[PDB]
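*Asks:* Here you go, data-v2.cif (mmCIF, C-alpha atoms and all ligand atoms):
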```
data_my_file
loop_
_atom_site.label_atom_id
_atom_site.label_comp_id
_atom_site.auth_asym_id
_atom_site.auth_seq_id
_atom_site.Cartn_x
_atom_site.Cartn_y
_atom_site.Cartn_z
CA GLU H 4 43.52 46.86 8.77
CA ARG H 5 41.91 48.43 5.69
CA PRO H 6 44.19 48.54 2.61
CA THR H 7 44.64 51.67 0.50
CA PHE H 8 42.33 51.87 -2.52
CA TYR H 9 42.99 53.61 -5.84
CA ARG H 10 40.52 54.66 -8.54
CA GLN H 11 40.47 53.98 -12.28
CA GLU H 12 37.91 54.19 -15.11
CA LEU H 13 37.84 51.07 -17.29
CA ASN H 14 34.45 49.99 -18.71
CA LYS H 15 33.01 53.53 -18.51
CA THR H 16 32.82 52.55 -14.82
CA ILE H 17 34.97 53.71 -11.89
CA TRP H 18 36.82 50.76 -10.37
CA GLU H 19 38.12 51.34 -6.83
CA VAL H 20 40.44 48.51 -5.77
CA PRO H 21 43.24 47.83 -3.22
CA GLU H 22 46.80 48.69 -4.32
CA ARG H 23 47.82 45.02 -4.38
CA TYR H 24 45.82 44.64 -7.61
CA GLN H 25 47.71 46.10 -10.57
CA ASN H 26 47.45 46.20 -14.39
CA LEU H 27 43.66 45.92 -14.56
CA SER H 28 42.49 45.07 -18.08
CA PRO H 29 38.89 44.34 -19.23
CA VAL H 30 38.16 40.79 -20.41
CA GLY H 31 34.35 40.69 -20.28
CA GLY H 36 28.96 42.56 -13.71
CA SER H 37 32.14 43.60 -15.56
CA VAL H 38 35.27 41.43 -15.34
CA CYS H 39 38.92 42.58 -15.38
CA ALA H 40 42.16 40.63 -15.54
CA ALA H 41 44.75 41.82 -13.00
CA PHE H 42 48.02 40.94 -11.29
CA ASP H 43 47.74 40.33 -7.55
CA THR H 44 51.11 41.56 -6.27
CA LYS H 45 50.52 39.95 -2.86
CA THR H 46 50.10 36.37 -4.13
CA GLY H 47 51.81 36.59 -7.53
CA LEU H 48 48.63 35.22 -9.10
CA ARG H 49 46.97 36.39 -12.29
CA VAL H 50 43.41 37.12 -11.19
CA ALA H 51 39.95 37.93 -12.51
CA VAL H 52 38.13 40.74 -10.71
CA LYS H 53 34.35 41.00 -11.06
CA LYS H 54 32.58 44.21 -10.09
CA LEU H 55 28.85 43.59 -9.58
CA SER H 56 26.54 46.03 -11.39
CA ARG H 57 23.93 47.71 -9.16
CA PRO H 58 23.99 44.85 -6.62
CA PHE H 59 21.13 46.21 -4.46
CA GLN H 60 18.78 47.91 -6.97
CA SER H 61 15.84 45.63 -6.07
CA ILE H 62 14.87 42.78 -3.72
CA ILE H 63 15.53 40.26 -6.52
CA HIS H 64 18.96 41.79 -7.29
CA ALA H 65 19.98 42.15 -3.61
CA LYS H 66 19.11 38.48 -2.97
CA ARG H 67 21.04 37.45 -6.11
CA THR H 68 24.11 39.38 -4.89
CA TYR H 69 23.89 37.64 -1.51
CA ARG H 70 23.39 34.29 -3.31
CA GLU H 71 26.46 34.70 -5.52
CA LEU H 72 28.66 35.73 -2.58
CA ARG H 73 27.42 32.80 -0.44
CA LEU H 74 28.07 30.32 -3.27
CA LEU H 75 31.56 31.65 -4.07
CA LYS H 76 32.55 31.81 -0.37
CA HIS H 77 31.56 28.15 0.08
CA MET H 78 33.33 26.60 -2.93
CA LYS H 79 36.79 25.30 -2.04
CA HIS H 80 37.79 22.79 -4.71
CA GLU H 81 40.46 22.55 -7.46
CA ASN H 82 37.86 22.15 -10.23
CA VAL H 83 35.42 24.83 -9.06
CA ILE H 84 35.83 28.63 -9.21
CA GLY H 85 36.44 29.90 -5.67
CA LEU H 86 36.95 33.22 -3.92
CA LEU H 87 40.51 34.49 -3.53
CA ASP H 88 39.24 37.83 -2.19
CA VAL H 89 36.13 39.97 -1.82
CA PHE H 90 36.20 43.67 -1.00
CA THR H 91 34.33 46.97 -0.86
CA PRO H 92 35.78 50.53 -0.74
CA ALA H 93 32.98 51.30 1.76
CA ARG H 94 34.04 51.95 5.36
CA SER H 95 30.58 51.17 6.77
CA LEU H 96 27.22 49.53 6.00
CA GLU H 97 25.77 52.99 5.25
CA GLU H 98 28.41 53.62 2.54
CA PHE H 99 28.15 50.04 1.23
CA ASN H 100 27.03 49.95 -2.43
CA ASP H 101 29.69 48.05 -4.42
CA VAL H 102 30.98 44.46 -4.28
CA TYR H 103 34.15 43.18 -5.95
CA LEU H 104 34.88 39.46 -6.35
CA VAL H 105 38.34 38.00 -7.06
CA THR H 106 39.24 34.53 -8.43
CA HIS H 107 41.93 32.82 -10.56
CA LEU H 108 42.38 34.11 -14.10
CA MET H 109 41.92 31.22 -16.52
CA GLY H 110 43.33 31.45 -20.05
CA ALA H 111 40.42 30.15 -22.12
CA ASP H 112 37.10 28.30 -22.12
CA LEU H 113 36.22 24.88 -23.57
CA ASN H 114 34.85 26.46 -26.77
CA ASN H 115 38.36 27.76 -27.53
CA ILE H 116 39.76 24.25 -26.97
CA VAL H 117 37.28 22.35 -29.20
CA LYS H 118 37.39 24.88 -32.09
CA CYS H 119 35.31 22.79 -34.56
CA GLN H 120 37.73 19.85 -34.11
CA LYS H 121 37.97 16.45 -32.41
CA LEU H 122 40.08 16.06 -29.27
CA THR H 123 42.16 12.94 -28.51
CA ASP H 124 40.50 10.37 -26.25
CA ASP H 125 43.08 11.06 -23.51
CA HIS H 126 42.27 14.78 -23.57
CA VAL H 127 38.54 13.99 -23.34
CA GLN H 128 39.16 11.62 -20.40
CA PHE H 129 41.09 14.30 -18.49
CA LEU H 130 38.64 17.16 -19.19
CA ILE H 131 35.46 15.19 -18.42
CA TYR H 132 37.15 13.66 -15.34
CA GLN H 133 37.77 17.16 -13.90
CA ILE H 134 34.23 18.35 -14.69
CA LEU H 135 32.80 15.30 -12.90
CA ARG H 136 35.23 15.73 -9.97
CA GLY H 137 34.06 19.35 -9.60
CA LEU H 138 30.40 18.29 -9.98
CA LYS H 139 30.66 15.57 -7.30
CA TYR H 140 31.79 18.36 -4.94
CA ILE H 141 29.11 20.89 -6.02
CA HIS H 142 26.33 18.26 -5.87
CA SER H 143 27.48 17.05 -2.41
CA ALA H 144 26.56 20.52 -1.07
CA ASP H 145 23.07 20.16 -2.62
CA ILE H 146 23.94 22.81 -5.23
CA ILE H 147 22.89 22.45 -8.88
CA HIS H 148 24.78 24.26 -11.64
CA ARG H 149 21.71 24.37 -13.95
CA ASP H 150 23.56 25.96 -16.90
CA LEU H 151 26.66 23.87 -17.65
CA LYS H 152 28.10 24.52 -21.11
CA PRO H 153 31.57 24.81 -22.72
CA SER H 154 31.59 28.62 -22.16
CA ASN H 155 31.49 28.23 -18.35
CA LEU H 156 34.29 25.67 -18.27
CA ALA H 157 37.56 27.55 -17.99
CA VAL H 158 40.88 25.90 -18.71
CA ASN H 159 44.59 26.75 -18.39
CA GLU H 160 47.53 25.83 -20.64
CA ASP H 161 47.97 22.44 -18.93
CA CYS H 162 44.25 21.65 -19.54
CA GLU H 163 43.48 22.12 -15.83
CA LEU H 164 39.79 22.96 -15.48
CA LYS H 165 37.49 25.03 -13.23
CA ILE H 166 33.68 25.32 -13.31
CA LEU H 167 32.23 28.86 -13.59
CA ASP H 168 28.73 30.32 -12.93
CA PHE H 169 27.18 27.53 -10.77
CA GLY H 170 23.86 28.06 -8.97
CA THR H 175 15.71 35.27 -20.24
CA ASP H 176 13.32 33.69 -22.76
CA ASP H 177 14.85 35.67 -25.65
CA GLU H 178 18.39 34.34 -25.19
CA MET H 179 17.05 30.75 -25.03
CA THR H 180 15.24 31.26 -28.37
CA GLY H 181 16.38 29.77 -31.67
CA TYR H 182 19.67 28.32 -32.87
CA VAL H 183 21.63 29.15 -29.70
CA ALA H 184 24.31 27.41 -27.59
CA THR H 185 22.49 28.76 -24.51
CA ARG H 186 19.94 25.94 -24.92
CA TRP H 187 21.89 23.09 -26.63
CA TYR H 188 23.25 21.60 -23.37
CA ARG H 189 19.98 21.77 -21.38
CA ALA H 190 18.22 18.63 -20.10
CA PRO H 191 14.81 18.11 -21.79
CA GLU H 192 12.94 18.25 -18.43
CA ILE H 193 14.14 21.82 -17.80
CA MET H 194 14.12 23.06 -21.40
CA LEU H 195 10.39 22.28 -21.46
CA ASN H 196 9.66 22.55 -17.70
CA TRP H 197 8.37 18.96 -17.42
CA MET H 198 8.78 18.63 -13.65
CA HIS H 199 10.54 19.57 -10.43
CA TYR H 200 14.11 18.82 -11.52
CA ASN H 201 17.27 17.97 -9.57
CA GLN H 202 21.09 17.57 -9.80
CA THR H 203 20.77 15.09 -12.69
CA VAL H 204 20.16 17.98 -15.12
CA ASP H 205 23.91 18.69 -14.86
CA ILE H 206 24.79 15.11 -15.90
CA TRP H 207 22.79 15.57 -19.14
CA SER H 208 24.87 18.68 -19.85
CA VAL H 209 28.12 16.74 -19.27
CA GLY H 210 26.90 14.09 -21.74
CA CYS H 211 26.31 16.79 -24.37
CA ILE H 212 29.73 18.35 -23.70
CA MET H 213 31.54 14.99 -23.76
CA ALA H 214 29.93 14.05 -27.10
CA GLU H 215 31.03 17.39 -28.59
CA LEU H 216 34.65 16.91 -27.40
CA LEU H 217 34.63 13.45 -29.03
CA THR H 218 33.11 14.47 -32.40
CA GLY H 219 33.97 18.18 -32.56
CA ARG H 220 30.26 18.86 -33.25
CA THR H 221 27.23 20.01 -31.22
CA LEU H 222 25.26 16.95 -30.14
CA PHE H 223 21.78 18.55 -30.23
CA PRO H 224 22.08 21.78 -32.28
CA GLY H 225 18.32 22.50 -32.32
CA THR H 226 16.98 25.52 -34.24
CA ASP H 227 14.34 25.99 -31.52
CA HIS H 228 12.91 24.15 -28.45
CA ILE H 229 10.77 21.78 -30.56
CA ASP H 230 13.47 20.99 -33.13
CA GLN H 231 15.90 20.30 -30.26
CA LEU H 232 13.47 17.95 -28.51
CA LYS H 233 13.06 16.03 -31.78
CA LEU H 234 16.86 15.72 -32.12
CA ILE H 235 17.03 14.44 -28.53
CA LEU H 236 14.20 11.89 -28.87
CA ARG H 237 15.63 10.58 -32.15
CA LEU H 238 18.82 9.59 -30.29
CA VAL H 239 17.49 8.42 -26.91
CA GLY H 240 13.97 7.32 -27.91
CA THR H 241 10.52 8.64 -27.02
CA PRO H 242 9.54 8.37 -23.32
CA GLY H 243 7.89 5.24 -21.95
CA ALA H 244 4.78 5.04 -19.75
CA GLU H 245 6.99 5.17 -16.65
CA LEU H 246 8.58 8.54 -17.45
CA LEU H 247 5.31 9.99 -18.80
CA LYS H 248 3.73 9.65 -15.33
CA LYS H 249 6.56 11.73 -13.81
CA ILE H 250 5.93 14.62 -16.21
CA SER H 251 3.75 16.55 -13.75
CA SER H 252 3.06 19.20 -16.39
CA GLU H 253 -0.18 17.91 -17.94
CA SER H 254 0.34 20.20 -20.95
CA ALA H 255 3.88 18.95 -21.66
CA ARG H 256 2.82 15.32 -21.10
CA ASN H 257 -0.06 15.77 -23.56
CA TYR H 258 2.28 17.15 -26.25
CA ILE H 259 4.86 14.38 -25.72
CA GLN H 260 2.20 11.70 -26.39
CA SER H 261 1.33 13.33 -29.75
CA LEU H 262 4.78 12.39 -31.10
CA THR H 263 5.36 9.25 -33.16
CA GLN H 264 7.20 6.71 -31.02
CA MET H 265 10.88 6.08 -31.75
CA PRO H 266 13.34 3.52 -30.36
CA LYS H 267 16.68 4.42 -28.75
CA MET H 268 19.46 4.48 -31.37
CA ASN H 269 22.67 2.44 -31.22
CA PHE H 270 25.29 4.80 -29.72
CA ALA H 271 28.16 2.85 -31.35
CA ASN H 272 26.68 3.70 -34.76
CA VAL H 273 26.27 7.35 -33.72
CA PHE H 274 29.79 7.78 -32.29
CA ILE H 275 31.83 5.91 -34.92
CA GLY H 276 35.39 5.09 -33.85
CA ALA H 277 34.98 6.26 -30.26
CA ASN H 278 36.37 4.39 -27.25
CA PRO H 279 33.71 1.75 -26.40
CA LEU H 280 34.03 2.85 -22.74
CA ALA H 281 33.22 6.44 -23.78
CA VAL H 282 30.16 5.16 -25.69
CA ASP H 283 29.08 3.22 -22.59
CA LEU H 284 29.41 6.27 -20.32
CA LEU H 285 27.47 8.44 -22.82
CA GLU H 286 24.61 5.89 -22.77
CA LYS H 287 24.51 6.15 -18.95
CA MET H 288 24.56 9.98 -18.92
CA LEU H 289 22.11 10.62 -21.77
CA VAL H 290 19.09 8.84 -20.30
CA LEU H 291 15.76 10.62 -20.75
CA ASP H 292 14.43 9.66 -17.30
CA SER H 293 16.47 11.83 -14.91
CA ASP H 294 15.87 9.34 -12.04
CA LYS H 295 17.97 6.81 -13.96
CA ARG H 296 20.95 8.92 -15.07
CA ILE H 297 24.38 8.09 -13.66
CA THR H 298 25.46 10.45 -10.83
CA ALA H 299 28.80 12.33 -10.72
CA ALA H 300 30.12 10.05 -7.94
CA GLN H 301 29.12 6.93 -9.91
CA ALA H 302 30.59 8.31 -13.17
CA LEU H 303 34.00 8.92 -11.55
CA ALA H 304 34.26 5.16 -10.84
CA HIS H 305 33.41 4.24 -14.47
CA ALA H 306 36.18 2.35 -16.32
CA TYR H 307 36.61 5.25 -18.79
CA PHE H 308 38.45 7.23 -16.08
CA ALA H 309 40.67 4.34 -14.87
CA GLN H 310 43.91 6.31 -15.31
CA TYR H 311 42.61 9.39 -13.40
CA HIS H 312 40.22 7.98 -10.76
CA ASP H 313 41.30 8.09 -7.12
CA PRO H 314 38.55 7.63 -4.48
CA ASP H 315 40.82 9.25 -1.87
CA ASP H 316 41.33 12.39 -3.97
CA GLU H 317 37.72 13.23 -4.93
CA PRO H 318 36.55 15.38 -1.99
CA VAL H 319 33.01 16.40 -0.98
CA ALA H 320 31.89 19.80 0.33
CA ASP H 321 31.16 21.01 3.85
CA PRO H 322 27.42 21.46 4.58
CA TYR H 323 25.96 24.47 2.74
CA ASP H 324 23.12 26.27 4.54
CA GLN H 325 20.75 27.62 1.89
CA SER H 326 17.71 28.24 4.10
CA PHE H 327 17.96 31.88 2.93
CA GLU H 328 16.54 30.76 -0.44
CA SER H 329 13.04 30.32 0.99
CA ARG H 330 13.32 33.52 3.04
CA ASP H 331 11.60 36.79 2.17
CA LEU H 332 13.53 39.89 3.26
CA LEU H 333 13.77 43.61 2.43
CA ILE H 334 16.52 45.14 0.26
CA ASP H 335 18.39 46.57 3.27
CA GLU H 336 18.14 43.19 5.01
CA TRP H 337 19.76 41.31 2.08
CA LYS H 338 22.27 44.17 1.93
CA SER H 339 23.21 43.84 5.61
CA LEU H 340 23.62 40.06 5.25
CA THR H 341 25.86 40.59 2.19
CA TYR H 342 27.91 43.16 4.15
CA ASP H 343 28.42 40.66 7.02
CA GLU H 344 29.72 38.09 4.52
CA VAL H 345 32.17 40.57 2.92
CA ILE H 346 33.54 41.70 6.32
CA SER H 347 33.95 38.14 7.64
CA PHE H 348 35.84 36.79 4.60
CA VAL H 349 39.02 34.83 5.32
CA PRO H 350 41.48 34.36 2.42
CA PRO H 351 42.66 30.81 1.55
CA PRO H 352 46.12 29.61 2.79
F1 LIG Z 401 35.19 35.85 -7.88
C1 LIG Z 401 34.95 35.78 -9.21
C2 LIG Z 401 34.12 34.78 -9.73
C3 LIG Z 401 33.89 34.72 -11.11
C4 LIG Z 401 34.47 35.65 -11.96
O1 LIG Z 401 34.24 35.59 -13.32
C5 LIG Z 401 35.23 35.14 -14.16
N1 LIG Z 401 35.07 35.23 -15.52
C6 LIG Z 401 36.01 34.81 -16.39
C7 LIG Z 401 37.17 34.25 -15.87
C8 LIG Z 401 38.35 33.70 -16.37
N2 LIG Z 401 38.71 33.56 -17.67
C9 LIG Z 401 37.79 33.65 -18.79
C10 LIG Z 401 37.64 32.29 -19.45
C11 LIG Z 401 36.82 32.40 -20.73
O2 LIG Z 401 37.40 33.37 -21.61
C12 LIG Z 401 37.47 34.69 -21.06
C13 LIG Z 401 38.31 34.68 -19.79
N3 LIG Z 401 39.18 33.29 -15.40
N4 LIG Z 401 38.54 33.58 -14.17
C14 LIG Z 401 37.34 34.14 -14.41
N5 LIG Z 401 36.34 34.60 -13.61
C15 LIG Z 401 35.30 36.64 -11.43
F2 LIG Z 401 35.88 37.54 -12.24
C16 LIG Z 401 35.54 36.71 -10.06
#
```
Would you mind writing the structure in this file as structure tokens?
*Replies:*
Amino acid sequence: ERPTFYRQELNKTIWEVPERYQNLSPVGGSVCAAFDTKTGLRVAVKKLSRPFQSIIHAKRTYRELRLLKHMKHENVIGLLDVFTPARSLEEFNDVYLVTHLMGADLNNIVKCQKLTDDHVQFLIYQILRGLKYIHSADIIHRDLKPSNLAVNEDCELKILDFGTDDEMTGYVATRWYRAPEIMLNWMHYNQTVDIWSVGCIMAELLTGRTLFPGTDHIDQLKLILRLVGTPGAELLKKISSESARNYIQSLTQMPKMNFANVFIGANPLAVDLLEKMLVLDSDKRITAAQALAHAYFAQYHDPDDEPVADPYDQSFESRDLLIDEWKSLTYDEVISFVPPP
């Protein structure tokens, strides 16, 4: 049966939610912290803003719901609930998404300081465990950074936000964790972009400092190539962008630096893993599954406790539909939702 809904204005927006959700408080569509009286969980409730205003927006709403409904893993943000106050498809215009409330993000944890090697092991282990799962469903995060890695008091981690030009401009953390092939659109990229991001994050946990804090795209590329070396003939061929390939060749060649001299005092196993993650040629980067079996994670690794995902049908991604068609599909997904045990 349909629960009773009550109304409240919070972010100059009217939130209409089931009675079970109490003490709604803004934290950041708009997001509110709340207490789910049915489960006893502290939750985050996200109300999507104008979910069906255009074809692009309607498809994005469907995409986010499909992604969240699929993810069922300890280290990945999943759906506790999804609801609409609408009683029918014709009334349907708002979507609310509910997940676990996490206390902080990784930026709050690092706070300009070094973490202990054990803390780094545990945090990177969980990220990679979550990524193995996400990647196994043929999903790419594409935008991994400390701000979308949420953590509780016990350092337990979940991945958020998986799946404009102005905000990528300049001295900005929005670009610092991006693989060079996507920052400069070198080629058709794949899952390996996420491993680059993990490398950048891991380095920052170890040193307390941004690995590649570029002041712009070009400055960042220079910082990258100084560490990992300029591309060889092999990688150059794979840069399908003739323009990008042409620019790359104009740069003075540089050898790969010694990572042990860059990361002074770090666990030699951490240095080794960083060398395997921060490879310029994406074809040759370590995968999440391979990284989990690396000696650095010896105390956490368990091949029987690192699950993969059920098949994820994303044929909708190459489909062209009307607004009302994406809207109907979204409605079907809301109505059919089954809460976790
Ligand atoms: F179903 C969802 C999916 C993602 C959502 O977005 C979101 N945003 C944020 C959080 C959060 N905590 C953040 C962590 C970073 O600092 C601010 C609070 N815990 N859970 C969260 N979920 C959401 F609210 C509902």
*Asks:* Let me have all residues with an atom within 9 Å of ligand LIG 401 (chain Z), counting only C-alpha atoms and all ligand atoms, laid out as an NGL selection string.
*Replies:* :H and (30-31 or 36-40 or 49-54 or 71-72 or 75-76 or 84-89 or 103-115 or 154-159 or 165 or 167-168)
*Asks:* For segment 203-214 of chain H, please output as a VMD selection string all residues within 7 Å (counting only C-alpha atoms; exclusion window: fewer than 3 positions along the same chain).
*Replies:* chain H and resid 131 148 to 149 151 to 153 188 to 190 217 to 218 222 285 288 to 289 293 296 298
*Asks:* Please report, as AutoDock Vina command-line options, the centre and edge lengths in Å to one decimal of an axis-aligned box covering all listed atoms of segment 38-47 of chain H with 4 Å per side.
*Replies:*
```
--center_x 43.5 --center_y 39.5 --center_z -9.2 --size_x 24.5 --size_y 14.2 --size_z 20.7
```
*Asks:* Do you know which residues are at most 12 Å from residue 194 of chain H counting only C-alpha atoms, after dropping those on the same chain fewer than 6 positions away, and could you put them as a ChimeraX atom specification?
*Replies:* /H:149-150,176,179-180,185-188,200,204,207-208,225,227-232,235,255
*Asks:* Fewer than 2 positions away in the same chain doesn't count, so skip those; otherwise give me all residues within 8 Å of residue 303 of chain H, counting only C-alpha atoms, as a VMD selection string.
*Replies:* chain H and resid 132 135 to 136 299 to 301 305 308 312
*Asks:* Quick one: everything within 9 Å of residue 247 of chain H, counting all atoms listed in the file, minus sequence neighbours fewer than 5 positions away in the same chain. Send it as a tab-separated table (two decimals) with C-alpha atoms, in the frame of the given file.
*Replies:*
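In the end it all went to selection_16.tsv:
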```tsv
chain	number	residue	atom	x	y	z
H	242	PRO	CA	9.54	8.37	-23.32
H	256	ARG	CA	2.82	15.32	-21.10
H	259	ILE	CA	4.86	14.38	-25.72
H	260	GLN	CA	2.20	11.70	-26.39
```
*Asks:* Smallest atom-to-atom distance to residue 143 of chain H: which of H:101, H:317, H:331, H:12, using only C-alpha atoms?
*Replies:*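 Ranking H:101, H:317, H:331, H:12 by distance to residue 143 of chain H, first place goes to H:317.
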*Asks:* Can you measure atom CA of residue 170 of chain H to atom CA of residue 323 of chain H for me? One decimal in Å is fine.
*Replies:* 12.4 Å
*Asks:* Taking all atoms listed in the file into account, which of H:297, H:18, H:92, H:80 comes nearest residue 5 of chain H?
*Replies:* H:92
*Asks:* Would you work out the distance separating atom CA of residue 279 of chain H from atom CA of residue 295 of chain H, expressed in Å to one decimal?
*Replies:*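 Going from atom CA of residue 279 of chain H over to atom CA of residue 295 of chain H, I get 20.7 Å.
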*Asks:* Using all atoms listed in the file, which of H:61, H:254, H:310, H:226 sits nearest residue 337 of chain H?
*Replies:*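 For residue 337 of chain H, the nearest of the given residues is H:61.
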*Asks:* May I have the protein, DNA and RNA residues with any atom at most 12 Å from the point (1.9, 14.4, -24.5), counting only C-alpha atoms, written as a PyMOL selection string?
*Replies:* chain H and resi 195+197+241-244+246-264
*Asks:* Using all atoms listed in the file, find the one residue out of H:90, H:311, H:182, H:24 that sits nearest to residue 341 of chain H.
*Replies:* H:90
*Asks:* Can you put N, CA, C and O atoms back into segment 336-350 of chain H and show it as a PDB file, keeping the file's coordinate frame?
*Replies:*
```
ATOM      1  N   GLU H 336      17.862  44.424   4.281  1.00  0.00           N
ATOM      2  CA  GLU H 336      18.140  43.190   5.010  1.00  0.00           C
ATOM      3  C   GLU H 336      19.095  42.273   4.232  1.00  0.00           C
ATOM      4  O   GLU H 336      20.071  41.787   4.797  1.00  0.00           O
ATOM      5  N   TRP H 337      18.827  42.061   2.942  1.00  0.00           N
ATOM      6  CA  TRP H 337      19.760  41.310   2.080  1.00  0.00           C
ATOM      7  C   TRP H 337      21.117  42.001   2.003  1.00  0.00           C
ATOM      8  O   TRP H 337      22.163  41.345   1.973  1.00  0.00           O
ATOM      9  N   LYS H 338      21.080  43.331   1.978  1.00  0.00           N
ATOM     10  CA  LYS H 338      22.270  44.170   1.930  1.00  0.00           C
ATOM     11  C   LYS H 338      23.144  44.020   3.171  1.00  0.00           C
ATOM     12  O   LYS H 338      24.365  43.901   3.067  1.00  0.00           O
ATOM     13  N   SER H 339      22.512  44.041   4.344  1.00  0.00           N
ATOM     14  CA  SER H 339      23.210  43.840   5.610  1.00  0.00           C
ATOM     15  C   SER H 339      23.845  42.446   5.697  1.00  0.00           C
ATOM     16  O   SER H 339      24.988  42.308   6.134  1.00  0.00           O
ATOM     17  N   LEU H 340      23.099  41.423   5.281  1.00  0.00           N
ATOM     18  CA  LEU H 340      23.620  40.060   5.250  1.00  0.00           C
ATOM     19  C   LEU H 340      24.839  39.951   4.323  1.00  0.00           C
ATOM     20  O   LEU H 340      25.847  39.342   4.689  1.00  0.00           O
ATOM     21  N   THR H 341      24.745  40.562   3.142  1.00  0.00           N
ATOM     22  CA  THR H 341      25.860  40.590   2.190  1.00  0.00           C
ATOM     23  C   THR H 341      27.077  41.270   2.831  1.00  0.00           C
ATOM     24  O   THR H 341      28.188  40.748   2.757  1.00  0.00           O
ATOM     25  N   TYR H 342      26.848  42.414   3.479  1.00  0.00           N
ATOM     26  CA  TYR H 342      27.910  43.160   4.150  1.00  0.00           C
ATOM     27  C   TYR H 342      28.637  42.297   5.191  1.00  0.00           C
ATOM     28  O   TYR H 342      29.868  42.244   5.203  1.00  0.00           O
ATOM     29  N   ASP H 343      27.869  41.609   6.038  1.00  0.00           N
ATOM     30  CA  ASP H 343      28.420  40.660   7.020  1.00  0.00           C
ATOM     31  C   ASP H 343      29.340  39.626   6.382  1.00  0.00           C
ATOM     32  O   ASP H 343      30.396  39.306   6.926  1.00  0.00           O
ATOM     33  N   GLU H 344      28.931  39.101   5.228  1.00  0.00           N
ATOM     34  CA  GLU H 344      29.720  38.090   4.520  1.00  0.00           C
ATOM     35  C   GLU H 344      31.018  38.642   3.919  1.00  0.00           C
ATOM     36  O   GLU H 344      32.033  37.940   3.901  1.00  0.00           O
ATOM     37  N   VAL H 345      30.980  39.885   3.434  1.00  0.00           N
ATOM     38  CA  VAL H 345      32.170  40.570   2.920  1.00  0.00           C
ATOM     39  C   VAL H 345      33.198  40.806   4.035  1.00  0.00           C
ATOM     40  O   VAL H 345      34.381  40.486   3.886  1.00  0.00           O
ATOM     41  N   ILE H 346      32.717  41.350   5.151  1.00  0.00           N
ATOM     42  CA  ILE H 346      33.540  41.700   6.320  1.00  0.00           C
ATOM     43  C   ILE H 346      34.194  40.478   6.973  1.00  0.00           C
ATOM     44  O   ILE H 346      35.323  40.563   7.469  1.00  0.00           O
ATOM     45  N   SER H 347      33.489  39.350   6.964  1.00  0.00           N
ATOM     46  CA  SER H 347      33.950  38.140   7.640  1.00  0.00           C
ATOM     47  C   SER H 347      34.832  37.228   6.779  1.00  0.00           C
ATOM     48  O   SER H 347      35.278  36.173   7.245  1.00  0.00           O
ATOM     49  N   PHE H 348      35.075  37.623   5.529  1.00  0.00           N
ATOM     50  CA  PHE H 348      35.840  36.790   4.600  1.00  0.00           C
ATOM     51  C   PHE H 348      37.253  36.513   5.092  1.00  0.00           C
ATOM     52  O   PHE H 348      37.947  37.424   5.553  1.00  0.00           O
ATOM     53  N   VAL H 349      37.664  35.250   4.983  1.00  0.00           N
ATOM     54  CA  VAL H 349      39.020  34.830   5.320  1.00  0.00           C
ATOM     55  C   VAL H 349      39.678  34.249   4.058  1.00  0.00           C
ATOM     56  O   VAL H 349      39.175  33.279   3.490  1.00  0.00           O
ATOM     57  N   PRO H 350      40.801  34.845   3.617  1.00  0.00           N
ATOM     58  CA  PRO H 350      41.480  34.360   2.420  1.00  0.00           C
ATOM     59  C   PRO H 350      42.016  32.935   2.590  1.00  0.00           C
ATOM     60  O   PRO H 350      42.320  32.534   3.717  1.00  0.00           O
TER      61      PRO H 350
END
```
